[PDB]
Amino acid sequence: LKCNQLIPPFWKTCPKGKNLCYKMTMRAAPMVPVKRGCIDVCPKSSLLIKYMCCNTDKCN
């Protein structure tokens, strides 16, 4: 279980439990990525920012 983050090849293996990952894009703009990392589940997404969480590698 591993996940790449914003744009370059930058990937890493996420630890047990945190087998999920994400990439928070800004809803202000269509979906401008700004944050990303290995998680468990998507934190409280805001009205102006969409947290794009998922379970598969590469997905964020």
# chains A, B, ... in the order shown; residues from 1 in each chain; ligands from 1

$ residues_around --residues "residue A:42" --least-positions-apart "6" --cutoff "8 Å" --atoms "only C-alpha atoms" --output "VMD selection string"
chain A and resid 22 51 to 53

$ select_by_dssp --residues "chain A" --states "strand (DSSP E or B)" --output "PyMOL selection string"
chain A and resi 2-4+11-13+20-26+32-39+49-54

$ write_last_selection --atoms "N, CA, C and O atoms" --output "tab-separated table (two decimals), in the first residue's frame"
chain	number	residue	atom	x	y	z
A	2	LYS	N	0.91	1.97	-1.07
A	2	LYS	CA	1.79	3.16	-1.12
A	2	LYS	C	1.07	4.25	-1.89
A	2	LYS	O	0.14	3.95	-2.61
A	3	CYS	N	1.48	5.48	-1.75
A	3	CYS	CA	0.77	6.54	-2.52
A	3	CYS	C	1.67	7.72	-2.87
A	3	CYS	O	2.51	8.13	-2.09
A	4	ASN	N	1.46	8.23	-4.05
A	4	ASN	CA	2.27	9.39	-4.52
A	4	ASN	C	1.47	10.61	-4.06
A	4	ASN	O	0.29	10.49	-3.84
A	11	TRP	N	6.62	9.07	-4.10
A	11	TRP	CA	5.69	8.09	-3.46
A	11	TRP	C	6.33	7.53	-2.20
A	11	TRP	O	7.52	7.63	-1.98
A	12	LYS	N	5.49	6.94	-1.40
A	12	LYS	CA	5.96	6.33	-0.13
A	12	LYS	C	4.98	5.27	0.34
A	12	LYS	O	3.81	5.31	0.00
A	13	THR	N	5.49	4.35	1.10
A	13	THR	CA	4.61	3.27	1.62
A	13	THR	C	3.90	3.74	2.89
A	13	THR	O	4.55	4.18	3.82
A	20	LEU	N	-4.89	4.15	3.70
A	20	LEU	CA	-5.69	5.03	2.82
A	20	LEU	C	-4.83	6.26	2.60
A	20	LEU	O	-3.87	6.46	3.32
A	21	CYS	N	-5.18	7.06	1.63
A	21	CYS	CA	-4.37	8.29	1.38
A	21	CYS	C	-5.30	9.37	0.84
A	21	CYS	O	-6.48	9.13	0.66
A	22	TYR	N	-4.77	10.54	0.59
A	22	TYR	CA	-5.65	11.62	0.07
A	22	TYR	C	-4.85	12.71	-0.63
A	22	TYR	O	-3.64	12.70	-0.69
A	23	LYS	N	-5.62	13.63	-1.14
A	23	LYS	CA	-5.07	14.80	-1.87
A	23	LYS	C	-6.18	15.85	-1.79
A	23	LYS	O	-7.17	15.76	-2.48
A	24	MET	N	-6.00	16.84	-0.95
A	24	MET	CA	-7.07	17.87	-0.85
A	24	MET	C	-6.93	18.95	-1.90
A	24	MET	O	-5.94	19.65	-1.97
A	25	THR	N	-7.97	19.02	-2.68
A	25	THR	CA	-8.06	20.00	-3.79
A	25	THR	C	-8.99	21.13	-3.36
A	25	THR	O	-9.90	20.93	-2.58
A	26	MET	N	-8.75	22.30	-3.90
A	26	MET	CA	-9.60	23.47	-3.55
A	26	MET	C	-10.81	23.56	-4.46
A	26	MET	O	-10.69	23.54	-5.67
A	32	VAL	N	-8.11	22.46	-7.36
A	32	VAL	CA	-6.64	22.74	-7.30
A	32	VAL	C	-5.96	22.01	-6.12
A	32	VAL	O	-6.19	22.36	-4.99
A	33	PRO	N	-5.13	21.03	-6.39
A	33	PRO	CA	-4.45	20.28	-5.32
A	33	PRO	C	-3.47	21.15	-4.53
A	33	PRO	O	-2.73	21.93	-5.09
A	34	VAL	N	-3.52	20.97	-3.24
A	34	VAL	CA	-2.63	21.74	-2.33
A	34	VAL	C	-2.07	20.84	-1.23
A	34	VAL	O	-0.92	20.98	-0.87
A	35	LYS	N	-2.89	19.96	-0.74
A	35	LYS	CA	-2.43	19.03	0.35
A	35	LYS	C	-2.53	17.57	-0.10
A	35	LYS	O	-3.26	17.26	-1.02
A	36	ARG	N	-1.79	16.73	0.57
A	36	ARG	CA	-1.79	15.27	0.25
A	36	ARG	C	-0.97	14.44	1.26
A	36	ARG	O	0.03	14.89	1.78
A	37	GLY	N	-1.41	13.24	1.54
A	37	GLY	CA	-0.64	12.41	2.51
A	37	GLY	C	-1.29	11.05	2.78
A	37	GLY	O	-2.29	10.71	2.19
A	38	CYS	N	-0.68	10.31	3.68
A	38	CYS	CA	-1.23	8.96	4.03
A	38	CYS	C	-2.15	9.10	5.24
A	38	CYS	O	-1.75	9.60	6.27
A	39	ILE	N	-3.37	8.66	5.08
A	39	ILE	CA	-4.35	8.75	6.20
A	39	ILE	C	-5.07	7.41	6.40
A	39	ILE	O	-4.65	6.37	5.94
A	49	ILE	N	-13.22	23.60	0.30
A	49	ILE	CA	-12.10	22.68	-0.04
A	49	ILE	C	-12.59	21.24	0.07
A	49	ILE	O	-13.17	20.83	1.06
A	50	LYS	N	-12.30	20.55	-0.99
A	50	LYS	CA	-12.68	19.12	-1.14
A	50	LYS	C	-11.49	18.20	-0.86
A	50	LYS	O	-10.45	18.33	-1.47
A	51	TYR	N	-11.68	17.30	0.07
A	51	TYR	CA	-10.57	16.37	0.40
A	51	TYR	C	-10.78	15.11	-0.45
A	51	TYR	O	-11.74	14.39	-0.25
A	52	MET	N	-9.90	14.87	-1.38
A	52	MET	CA	-10.06	13.67	-2.24
A	52	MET	C	-9.33	12.47	-1.65
A	52	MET	O	-8.17	12.22	-1.93
A	53	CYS	N	-10.04	11.75	-0.82
A	53	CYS	CA	-9.48	10.55	-0.16
A	53	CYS	C	-9.82	9.29	-0.94
A	53	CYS	O	-10.77	9.25	-1.69
A	54	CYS	N	-9.01	8.28	-0.74
A	54	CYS	CA	-9.23	6.99	-1.45
A	54	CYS	C	-8.42	5.87	-0.80
A	54	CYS	O	-7.75	6.09	0.19

$ closest_residue --among "A:57, A:1, A:48, A:8" --to "residue A:31" --atoms "only C-alpha atoms"
A:48
